[PDB]
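Going in written order, the chains are labelled A, B, C, D, E, F, G, H and I, and every chain counts its residues from 1.
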Amino acid sequence: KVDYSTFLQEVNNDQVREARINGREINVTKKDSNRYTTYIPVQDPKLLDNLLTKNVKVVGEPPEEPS
Amino acid sequence: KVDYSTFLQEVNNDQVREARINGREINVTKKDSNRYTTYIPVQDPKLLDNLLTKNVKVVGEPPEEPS
Amino acid sequence: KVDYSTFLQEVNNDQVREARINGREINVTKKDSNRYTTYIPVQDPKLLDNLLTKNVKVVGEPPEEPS
Amino acid sequence: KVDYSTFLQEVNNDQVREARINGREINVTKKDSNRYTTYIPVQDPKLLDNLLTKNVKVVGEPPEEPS
Amino acid sequence: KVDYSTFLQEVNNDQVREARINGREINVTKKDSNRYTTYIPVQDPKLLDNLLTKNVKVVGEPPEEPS
Amino acid sequence: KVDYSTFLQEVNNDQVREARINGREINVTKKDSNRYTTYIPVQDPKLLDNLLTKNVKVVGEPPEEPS
Amino acid sequence: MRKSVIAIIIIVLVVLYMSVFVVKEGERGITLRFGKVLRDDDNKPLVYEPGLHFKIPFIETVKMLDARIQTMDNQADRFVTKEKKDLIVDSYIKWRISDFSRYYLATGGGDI
Amino acid sequence: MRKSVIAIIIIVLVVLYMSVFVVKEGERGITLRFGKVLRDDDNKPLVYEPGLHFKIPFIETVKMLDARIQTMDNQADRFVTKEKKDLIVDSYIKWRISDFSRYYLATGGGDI
Amino acid sequence: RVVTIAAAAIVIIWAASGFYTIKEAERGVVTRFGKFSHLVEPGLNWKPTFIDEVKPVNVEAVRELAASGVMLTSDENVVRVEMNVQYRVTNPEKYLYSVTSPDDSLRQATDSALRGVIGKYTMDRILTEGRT
């Protein structure tokens, strides 16, 4: 729903409350309770490092095995 | 259709505003209101870095569910 | 479920005894005999580097195969 | 047909004009209006970077979707 | 079956004279004729590096093609 | 069949001229016209660097698609 | 007279299998009552030799204590000498269980 | 009476070929039983000279020990003299197997 | 007659699995369920299946154990010393039921021994003269 680069710049200013990632689609939780979804164009090696740089809260999810 | 080498020569001058990302295909939409397509032949780690360092807006799309 | 991030913070504190890795599921038992589980969001190269530097114990799991 | 080691020596001398990448097979057209084929044994990250430094024209191809 | 951590410490202690790897398993026959077994937790980028630096013997096996 | 470790030391001893890489098998030819085989245990990124840095001839092979 | 005769055969064999328990050569088993341990010879806890023994199934529990010498290594640690010279020493100790009963009681739960 | 007579003749020839085993001139063979070695003269392991010998097929195992003089070369290595002068010496040694029985035992598996 | 057939089937498997061969460089150690029974010598022996088990121990192969470390000498100097120790084993009744992990436990004793010995001699001696 929002540009991938935008997510980075708003993260650089600590505008994400919590970051829970699943597959290739991630929803953001801004400080003002706003919600939207972003897309990952390609694998980025430093993305995880970037989030940890500004003490951003990371959360994992279980694997979705087909029933 | 534009060759990958020539694609770098234009992004390295900051004359492209937005590019579509999916798979290895890239649909370019530069600043002169023109649109075309280009393909990435291999995996390159300095693609996103060149985009972010140059501060160019780049977004990708979600995948398509199989028929 | 314990968030992936808290495990990193708890690793820094040196309060874990050993952990069992399987797939992307992280089952772990800490120094205080407390069993919890997290999930690896994405591949982290320096994780194993950090863990070994922290002297925390890590054990691999045989390749799962459905007989 | 030429060896992959020999192909690299040619590129380092500013003698390759256009190159194509299809999986792990490569077509090359040098400035002498000649053609041949090579193969990349293992993925190399500096190959593409080295290629661009020498200004070797790189091209891509669309994927072959079975009808 | 021994633990991967102690195996690393044991490997770091120059206590192996022969090493064989099949799939994700690790069958070892050390200098003192002792044997054990361990499975790699995940893919490691620099594990192979430290191994060759200490002049450890390593051997790989071909793939089993089904009849 | 030759061991990976003994093969690598012999490679660094300037005693290899040609290497054909087809999957995980390598037909190694010494400088005295002898022949043997070897199998790499796991992914070695620096392998290509080491071989090419010692003026060795590498070769690639196409995939044997079933007729 | 078929169900009655066939019925007793199946129950007895499974009951006996639960009761039988062997003590390895480098191990010793201490049979235990509900909450207490079995005694004999003026309240002397009995330890089992490496042979076959029988325990009432589901009433008696056995704790297997290894009798081989155990090795304990100590990591690097700082000690202060007579001239205040700090030293880094790595040392190990070797010990064997002498009183299987006493060790199990003192070190409640037979934990290494 | 054709199948019976022809059948026995063909099987005898293949059995004899398996049983016969020869010792080369520059080799020495020590016949071995399932796990033991064949003895004679007050438990003295017997080694075979370079001639024809018969072994029960599939029961006896033979180890061929070379009797030729072996050459072992030493690569460059650093040695300390009396005046701490480091030297690089290239040397080779020549040895021969004296006790074929002992070598097989000492070097378990008759490996040079 | 059907009962007779059933008995024959079970006994052959017991004898079949029971038969075992031990290598020449190994010495089987037959052991009762809890108790040890006897030491079998090389060749083909028989052990009743599910009753006793054999443990082959390499009593003939000669192993090696290199012990090294940055030890301290007697002149307050440090020396990087490495040693090689070739050894063998003996009757498995002691080797198997005397100390846990005898090979590794011996190596730690070797480190303690090597450190102590180097501590007595000076650096200069250890480099040239002390070697013997």
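Rule of thumb we're sticking to: contacts are C-beta pairs under 8 Å (C-beta built on N, C-alpha and C of every residue); 3 or more make two chains touch, one makes a residue touch a chain.
Engineer: Please list the single chain whose C-alpha centre lies closest to the global protein C-alpha centre.
Structural biologist: Answer by centroid distance: E.
Engineer: Would you mind pulling out the distance in Å between where the CA atoms of chain C average out and where those of chain E do?
Structural biologist: 21
Engineer: What is the distance in Å between the mean C-alpha positions of chain A and chain E?
Structural biologist: 38
Engineer: Which positions in chain B touch two or more other chains at once?
Structural biologist: As it turns out, chain B has residues touching two or more other chains at 45.
Engineer: Could you say which residues in chain I touch two or more other chains, in rising order?
Structural biologist: Correct list: 61.
Engineer: Which residues does chain G have that touch at least 2 chains other than itself?
Structural biologist: Correct list: empty.
Engineer: Touching pairs of chains, all of them, please.
Structural biologist: Applying the touch criterion to every chain pair yields A-B, A-C, B-D, C-E, D-F, E-F, E-I, G-I, H-I.
Engineer: Going by the contact rule set out above, which residues of chain E touch chain I in the complex?
Structural biologist: Counting only chain E, the residues touching chain I are 14, 31-34.
Engineer: Could you pull out which chain A residues touch chain B in their complex?
Structural biologist: 3-5, 8, 24-25, 39-42, 44-45
Engineer: Mind pulling up the chain I residues that touch chain G in the complex?
Structural biologist: Interface residues on the chain I side: 31, 33-36, 96-101, 104-105, 108, 112.
Engineer: Show which residues of chain G lie in contact with chain I when the two form their complex.
Structural biologist: 22-26, 49-52, 66, 68-71, 73, 91-92, 94
Engineer: Given the complex with chain H, which residues does chain I contribute to the contact?
Structural biologist: My answer: residues 21-25, 41-44, 60-62, 127-128.
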